[PDB]
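Everything on this sheet refers to the single structure shown next.
We use all heavy atoms of the structure for the numbers below, so side chains are in, but hydrogens, waters and symmetry mates are not. Just so it is clear: chains get the letters A, B, ... in the order the sequence lines come, proteins before strands, and each one is counted from 1.
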Amino acid sequence: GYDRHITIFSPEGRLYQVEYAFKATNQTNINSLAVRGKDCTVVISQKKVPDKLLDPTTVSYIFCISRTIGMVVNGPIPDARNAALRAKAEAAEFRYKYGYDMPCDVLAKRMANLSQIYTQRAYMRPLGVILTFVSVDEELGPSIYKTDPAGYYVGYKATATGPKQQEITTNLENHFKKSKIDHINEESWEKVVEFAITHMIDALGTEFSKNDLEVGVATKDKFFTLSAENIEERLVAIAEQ
Amino acid sequence: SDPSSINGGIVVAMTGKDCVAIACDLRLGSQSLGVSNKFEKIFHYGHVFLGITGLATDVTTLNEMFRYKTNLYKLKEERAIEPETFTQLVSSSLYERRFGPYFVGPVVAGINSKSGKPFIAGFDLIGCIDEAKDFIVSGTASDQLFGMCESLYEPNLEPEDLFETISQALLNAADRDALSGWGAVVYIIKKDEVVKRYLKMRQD
Amino acid sequence: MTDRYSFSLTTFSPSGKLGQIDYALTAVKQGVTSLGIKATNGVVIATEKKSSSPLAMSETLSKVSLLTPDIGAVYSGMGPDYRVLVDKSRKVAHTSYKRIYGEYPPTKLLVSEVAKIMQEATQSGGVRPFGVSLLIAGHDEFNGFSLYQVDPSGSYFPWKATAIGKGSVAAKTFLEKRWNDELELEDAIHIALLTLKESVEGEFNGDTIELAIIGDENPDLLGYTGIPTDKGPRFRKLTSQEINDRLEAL
Amino acid sequence: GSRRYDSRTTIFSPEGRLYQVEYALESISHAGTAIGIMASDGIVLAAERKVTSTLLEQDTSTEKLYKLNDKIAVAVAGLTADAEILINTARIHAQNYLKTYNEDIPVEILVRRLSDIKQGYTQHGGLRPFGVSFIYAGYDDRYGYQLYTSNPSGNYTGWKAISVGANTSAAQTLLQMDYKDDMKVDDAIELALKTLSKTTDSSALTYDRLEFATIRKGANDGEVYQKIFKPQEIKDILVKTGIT
Amino acid sequence: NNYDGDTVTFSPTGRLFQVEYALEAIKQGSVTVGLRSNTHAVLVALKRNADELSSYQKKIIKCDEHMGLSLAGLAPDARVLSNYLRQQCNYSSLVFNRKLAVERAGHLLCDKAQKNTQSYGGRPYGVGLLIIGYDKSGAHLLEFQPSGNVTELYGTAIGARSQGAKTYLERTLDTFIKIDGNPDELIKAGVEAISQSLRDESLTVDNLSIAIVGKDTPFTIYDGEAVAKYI
Amino acid sequence: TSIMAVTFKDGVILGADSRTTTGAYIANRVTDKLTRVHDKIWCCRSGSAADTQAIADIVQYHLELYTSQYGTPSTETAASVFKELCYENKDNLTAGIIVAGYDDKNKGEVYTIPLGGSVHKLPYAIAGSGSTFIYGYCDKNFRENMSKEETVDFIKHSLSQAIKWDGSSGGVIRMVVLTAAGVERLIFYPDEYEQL
Amino acid sequence: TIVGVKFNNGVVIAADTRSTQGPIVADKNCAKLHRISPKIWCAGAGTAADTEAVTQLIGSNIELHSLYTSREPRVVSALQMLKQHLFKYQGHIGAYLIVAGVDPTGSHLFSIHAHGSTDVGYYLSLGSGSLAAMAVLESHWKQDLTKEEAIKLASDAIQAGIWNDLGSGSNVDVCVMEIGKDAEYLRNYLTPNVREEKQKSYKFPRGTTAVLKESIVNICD
Amino acid sequence: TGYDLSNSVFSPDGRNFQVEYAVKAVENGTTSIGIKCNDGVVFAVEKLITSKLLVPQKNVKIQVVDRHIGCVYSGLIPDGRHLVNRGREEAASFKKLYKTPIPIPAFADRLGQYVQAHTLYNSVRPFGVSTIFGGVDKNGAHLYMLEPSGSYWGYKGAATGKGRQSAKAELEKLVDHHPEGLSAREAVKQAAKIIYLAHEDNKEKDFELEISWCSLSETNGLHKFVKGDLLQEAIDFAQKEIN
Ligand SMILES: *C(=O)[C@H]1NC[C@@](C)(O)[C@](O)([C@H](CC2CCCCC2)NC(=O)[C@H](Cc2ccc(OC)cc2)NC(=O)[C@H](COCc2ccccc2)NC(=O)CN2CCN(C(=O)OC(C)(C)C)CC2)O[C@@H]1C
Ligand SMILES: [Mg+2]
Ligand SMILES: [Mg+2]
Ligand SMILES: [Mg+2]
Ligand SMILES: [Mg+2]
Ligand SMILES: [Mg+2]
């Protein structure tokens, strides 16, 4: 069956190369999680540095796309970096052509449309990645938009990606059934970051040191990643709780 | 070396009560030399009428091109093009050749078959639409035609009155232009009959 | 590097089937149910917003898209394929019509262009067919109200009413029972909601149903006044609130 | 590389047949039957719709019969979408001819160019052929009324009466039996319907499953009129020939 | 086996079979020896005839006044590569007034052969080359192979039964490396080397091809009556 | 047009007038000629308004994409991007640009790119039609390592003279202060600077 | 003559209604006020066809952009797309545009020149009548205009052009774009150049014109 | 199945078998290492002495990029040279536009994105090398290791080829017992040792040692080869540590 080798339909109407690309998504064995505050959007991903020879500072799956847009990838790093460089190019071209900063959901749609073309043209393989885009959009406010190798995308109140994703998901769905609202009702990003880490710990049943996480925060008019120290501060706050 | 005035010729269109008129002269020349006494400058695609003044090769070319485009239109739309729509097709097509234009002064006349409304328009050689309720003029004696139309014209003329006005406007404007005249044709256009009259005029 | 696939990936089998079109239609069968009904004074298109996760915000996913002020589209099948077809459909309405005639294309000729794009993906080198069927509802001055289905092959047909995807067989039977040539637009919306109730498992409300109409002109949606002969879009998306009003009287 | 996934749509079988042309013809043999009959005073085109649903919009649809110009029409058997690509090409080609010569295109010239395009898809470019057979009905001042067919091979031939699509073997027997040369258009109409009536895979032939067109001289003195029959006009002809 | 249909496919053990099959064409080729002192570099090639009525295939090609090579394998592939090297020697001259370094010649051949081993529809070069030259840093011998691997040596041999001459040169190393300012003695040590690769036949007068380049010696090819001296 | 950039102790100050003319007609009397290509890399524009706007827009694009990939670009890097555009397109461009920037390592830097697309690193730079009249004045009064207040005065006096003699210059004196403390916009009105 | 004036809660653009070919008036009531999008309007001076064509191209691309992004179009997008297009053509596209509108970002007023230079302002004028109009704007404009004050100032500035510039005449067209509300397009807001009743009717006695031939034309099938 | 016959095909695992096969050709190669030090990086490689006929010192395998970047690789040597050629174009292009020499992380992604591109299509074969590279920029010293998938990270020390596990074992020991840093001159000696140690896993043929380094103090942030007294000094150091 060569219908399993390129992006053409199988008899039951499926694209196996898209399905197999979704499986490559989990090769890194990393779980990601994004939630929205009132004023901010927080994205946390597990950080795992197995080899002692690695420079731990260069090991990341969170990318600064634009001034305002951050992206976390679940998938192998080469495809992650391909997707990163392309999103950066697209967000810069948009700003030059149309005179305003590319919105989160529009970049998401554009990367999803690119992903779709790989599912329809034979000579391009899909990328084995899921892209989570976060920002505080000037029109829509705190935003989470996620893209997969199918070229699917949608907005989220919160989301999780990776192997243990289903546990994190139901944990968050439970919080939002209780809380009755669209977001984390919190003033400061520091306390939304604490919420994100706390609910990841509950769902995964594991503790984290400062070196086991990597954190991204979007506020109005910038996205930034936390240093080891910024997270230590954050982990200490959770300890005394 | 002024393409718009090598061959000569004029077109004028007027609206009346539930009718339009479009008229043209019959001269084709090569500067001083009168060559042809029968070069008509008014064509029609269904019920929509187009007059073209200017360089005669571009008159012939644009007619052949609009017959082509309105034929394909009719086959795909399953109805004749309307004057408002044709006007936009002329405009698009002229502006497509922005940096290599057709040296012409096109004039559209017709009655919208649905609304019953009389419609005229004119354009510059690159596609700009002048839409006027009253009259449109084009060609080597456009100054003379503007003068005649602006005095002679009054609104809501019956087809048989409108005929006298447009005819007198064209006839007396052509007589003051070296490169226009040599015979004239006038189309009187009502909702569902079109009368075409050849005017007797001085042959100098 | 570059595309070396300049040969067709859709070819005739000995039986005269086109494998990849057949398989695209199988993808459409698996797709969520969508339908369209044509009244005397308008058209309704409706589908289910079967949400992937409950954490998803399914209003950010529009299955019913405006193509022109007077034309709307809905699909069954692969969502990404639909999204890029809507992008190409909107653009071709401009490049191959509006930029020439200074007016939006009539329904059948925009459909004709969409059909053309989908046919090319059936025969061009190095591509698979689109895995969607579209229902396109539209109005134009000379043709009035119309409803069209477009299939992966590039074939299109006009319908008084129809359905596509999952429960299409049952849905079409139900529409045959109820459809008459004297339906008022509100009658057609009522029938559309009944028909869609059959092939919806869980929640049935204004947040799980996407419904748009091609109806009267909406000057209140135009965005400007002062030109009396511009009277605004005939395509209107029914709000979550508006759908729930008609579910109490269901 | 990519060679591995190439069907080779433009090669010969060991018997010197074009696989993809043969399989396209097999595809066309399952399409609604189309009949062309040429009389001394006009041409008939009749085609049977792929089984209609009670809810399909009958009048606004054109599955089978298309206008190429004011003097030429085609009946289609095969993939509708494939046919529409070729028809828009033919319509342009006719308009190029009119633009160049200021004369309506002779029927054969149009047919030959469309047939030459189909041929190309069987010899170069490695694409699938068009899954379409056309019956061309047209008139020009050289040969008068003409019927042609073309098929995916790019081969074309002229006919007095011909059928394409389903049950052509059956339909060509019945036409060969009842066709006469002196025949007038009104008789040819009756022959076309009687022939579909007998070859149809349906229980009964009704107005809502038929597309019908004539090309007559039946207007004003030596000028040609194309008639694409409305639902009501077919329904009336179906009763007058006594099939309902 | 399943992984040898093209140059763009790795085997499960990480081999390129189309390149290995290319390398096989050299093994089947007639033997050629290269060796150098500090002052001169010599090529000796055994030329192969089709039958008793045919010319003996030319093995040695001149690339510039200071550079040339010997071939074993597909002769047309040698013609393409030698032509490419002639152009690179030319370009160096006309643009920089600079005689092309034998080391740079090596690197350029390597990168040209490499493109054909990584792209679809192409094929590896089916020829091996020994490049001798005298540049600004003295005498040089290079071994080229269509994998792209270029190697600088004191001496070597390639083609049929090349192993014999390659072991002899490995034994002789310390003797021939110091035949400085003697042309005839380096040539005879080259002729002795190629003689280790002969079976059921020895060096005749239209059989044997010798080339030399050195300090005050343009690259020049000796054939026919002008190699009788050396048998 | 009268434009200058002056390096000082804490960083660099950019100055410009606000007058744009079509012949003798003042098309705009409140023009902003001080334009941001990065947080702390700005330029002063002189020449074709179309050409310098198109260039500045492309440079802002390149530096925003540079930042995405390699972080904050140096003032030298920004000047090098301007030069590349100006030099390679010298036959179709009428653009005289002063590039001024503040790195935290390199402090205040000024680069001038005259009509040829050559680059010159200078302690201070003057350009525009009005600059001819203040070469004498600026050469005599400029000292290295001035204070913020001294440098603001030096620019105000300098452009005051350029405005007085050049008909092409006039309106308000706009300035942009670039230091570690961030970014400060200053405006000085006729009724102030005229009677200096 | 075209003007733009900013006010508290929006921007107003105005234009005269004269079209000229050399010294001749081609159109006594042309519309120079163009819609790029529902709440972004354009006033055009220069080569007539160029201002209409460039306004429609960017208007089309802005509509597609709005649909792609699910957002109201912004004036800064219309500005950037127009300037980049005009620049590419090095001034050969003779378009001089006053671009005004309201978007989620607020109210904006810009001028674009044929070569691709743009200007920001609270009041602007363009065209042959720009000096007449700018004299009135520089005489009367103040910060914090009301809606009614901005309309009056804009129409006063156009009237200066109508009266004192031979390139401008006939009527005043206004478009008001207020934040929150629909843009209102006041076609022929002012009509101070009505043609006086003529001394005479030049209506001819029927049969005055001499005719050679008649025929019915066939427009049917 | 047959998912391993074509580059860019995903297996049901979600793996690209052609990339995994490329790794085998890399694992088959000679040993090469990199060591990050205080103010620089040190590169070293094992060169199997095929024959006595190999001219010693004259088959250089460490390649310079720009003036400040060293590159060494194990696997198919021509594939390595091809990747460095591309790197040199990228660094030239970067310097041409931005004036400053290419920063090492910037340069890393240029090789990364290029190598990754050769896993996107079936018309190309993945690279048959793992590449150890780096040098000194405005931000200090950087060592990278790049794999046939396009995967790369920053490294404290790195090794690839036949002796990778022996090399990695010895590198992990340096990292543990020098957590405050290693000097550039020390790293040259250690490099010599680890190549001599890792050579045991490859010891039919005896080998030639080759070292290079960029040090902000020792070479002024430029890439130079280790020659003469300093090479012989590190050869002698390694000869002590094997007995
Ligand atoms: C206020 O300041 C007021 N001043 C008046 C005026 C006239 O200056 C104007 O700018 C108007 C505005 C337009 C009104 C119509 C709506 C769009 C805006 N501009 C014109 O009227 C221009 C004047 C003009 C400007 C620049 C020119 O450079 C060549 C020429 C003329 N009018 C036209 O361009 C004119 C329009 O013709 C209308 C018309 C309609 C129907 C029938 C006939 C005529 N046409 C031409 O000038 C034709 N001209 C031919 C040659 N050409 C050209 O480019 O030749 C080639 C070979 C190079 C292609 C250019 C066009 O309004 C302001 C606001
Ligand atoms: Mg694919
Ligand atoms: Mg006359
Ligand atoms: Mg005369
Ligand atoms: Mg002054
Ligand atoms: Mg210019």
Side-chain angles (χ1 to χ4, degrees), chain F residues 1-7 12-23 26-28 31-38 41-60 62-63 75-101 109-139 142 155 158-159 161-163 165-171 173-176 178, chain G residues 83 87 90-91 113 115-119, chain H residues 99:
Chain F
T1 278
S2 316
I3 52 165
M4 57 193 309
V6 193
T7 66
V12 67
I13 311 194
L14 290 88
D17 76 294
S18 74
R19 173 173 292 181
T20 285
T21 56
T22 310
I26 300 162
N28 185 14
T31 316
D32 186 25
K33 302 184 196 199
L34 305 176
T35 65
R36 191 210 103 118
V37 295
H38 201 71
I41 310 181
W42 290 59
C43 70
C44 309
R45 304 172 296 109
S46 95
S48 173
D51 292 346
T52 62
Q53 278 183 8
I55 284 161
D57 288 353
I58 291 166
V59 169
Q60 186 170 41
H62 271 290
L63 292 194
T75 310
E76 183 171 35
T77 293
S80 177
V81 175
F82 272 108
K83 176 220 78 191
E84 207 65 17
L85 293 171
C86 290
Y87 177 72
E88 291 305 330
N89 300 286
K90 56 168 55 169
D91 295 347
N92 314 306
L93 295 180
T94 310
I97 299 183
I98 304 182
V99 180
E109 286 182 343
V110 172
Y111 297 81
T112 191
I113 310 170
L115 257 57
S118 52
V119 218
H120 311 272
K121 183 167 193 308
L122 297 172
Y124 78 104
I126 60 172
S129 53
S131 65
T132 59
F133 304 121
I134 62 174
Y135 274 83
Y137 180 83
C138 294
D139 182 58
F142 168 75
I155 287 163
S158 289
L159 293 178
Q161 279 308 126
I163 283 166
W165 296 116
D166 186 18
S168 302
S169 309
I173 296 173
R174 297 194 192 283
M175 294 169 70
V176 164
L178 261 39
Chain G
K83 91 146 64 195
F87 188 83
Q90 287 296 307
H113 291 65
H115 287 265
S117 57
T118 61
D119 281 304
Chain H
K99 191 95 180 56

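- Counting heavy atoms from C-beta on, the side chains of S48(F) and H115(G) never come closer than 4.5 Å.
- For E109(F) against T75(F), the heavy-atom pair with the smallest separation is OE1-CB, 3.7 Å.
- To the nearest 0.5 angstrom, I26(F) atom CD1 is 9.5 Å from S168(F) atom OG.
- In terms of the salt bridge (charged side-chain N to carboxylate O under 4.0 Å, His left out) criterion, residue partners of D17(F) (sequence neighbours excluded) are, by chain and number, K33(F).
- Taking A27(F) as the reference, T20(F), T22(F) meet the side chain to side chain contact (heavy atoms under 4.5 Å, CB included) condition, with sequence neighbours excluded.
- Atoms CG and OG1, from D57(F) and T52(F) in turn, are 9.5 Å apart once rounded to the nearest 0.5 Å.
- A100(F) is linked by a side chain to side chain contact (heavy atoms under 4.5 Å, CB included) to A5(F), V12(F), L14(F), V110(F), counting only residues two or more places apart in sequence or in another chain.
- Residues forming a side chain to side chain contact (heavy atoms under 4.5 Å, CB included) with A78(F) (at least two apart in sequence, or on another chain): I41(F), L63(F), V99(F).
- Side chains of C44(F) and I97(F) form no contact here, defined as non-hydrogen atoms less than 4.5 Å apart.
- Closest non-hydrogen pair, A56(F) versus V37(F), comes out as O-CG1, 3.8 Å.
- Note that CD1 of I98(F) is 5.0 Å distant from OG1 of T112(F), once rounded to the nearest 0.5 Å.
- Counting all heavy atoms, side chain and backbone alike, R174(F) lies closest to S18(F) at NE-CB, 4.4 Å.
- Taking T77(F) as the reference, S74(F) meet the side chain to side chain donor-acceptor pair (under 3.5 Å) condition, with sequence neighbours excluded.
- The side chain to side chain donor-acceptor pair (under 3.5 Å) test applied to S158(F) returns no partner, not counting sequence neighbours.
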Please tabulate, one pair per line, all N/O donor-acceptor pairs under 3.5 Å involving side-chain atoms of residues 81-92 of chain F, not counting sequence neighbours.
from   : atom 1 : to     : atom 2 : distance (Å)
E84(F) : OE2    : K96(H) : NZ     : 2.9
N89(F) : ND2    : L85(F) : O      : 2.8

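- Note on residues 115-139 of chain F: pairs passing side chain to side chain donor-acceptor pair (under 3.5 Å), not counting sequence neighbours, are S118(F)-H120(F), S129(F)-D166(F).
- For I134(F) against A162(F), the heavy-atom pair with the smallest separation is CG2-N, 3.6 Å.
- Separation of atoms CG (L122(F)) and CE (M4(F)) is listed at 11.5 Å; rounding is to 0.5 Å.
- The CG atom of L34(F) lies 11.5 Å from the CD1 atom of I13(F); values are rounded to the nearest 0.5 Å.
- Scored by the side chain to side chain contact (heavy atoms under 4.5 Å, CB included) test, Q53(F) finds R45(F), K83(G), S117(G), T118(G) as partners (sequence neighbours excluded).
- Looking only at side-chain heavy atoms (C-beta outward), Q161(F) and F133(F) stay at 4.5 Å or farther from each other.
- Counting only distance, with no hydrogens or angles, the side chain of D51(F) and the backbone of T94(F) share a donor-acceptor pair below 3.5 Å.
- Closest approach of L159(F) and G15(F) over heavy atoms only: CD1-C, 3.8 Å.
- Here the closest heavy-atom approach between residue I113(F) and residue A79(F) is recorded as CD1-O, 3.6 Å.
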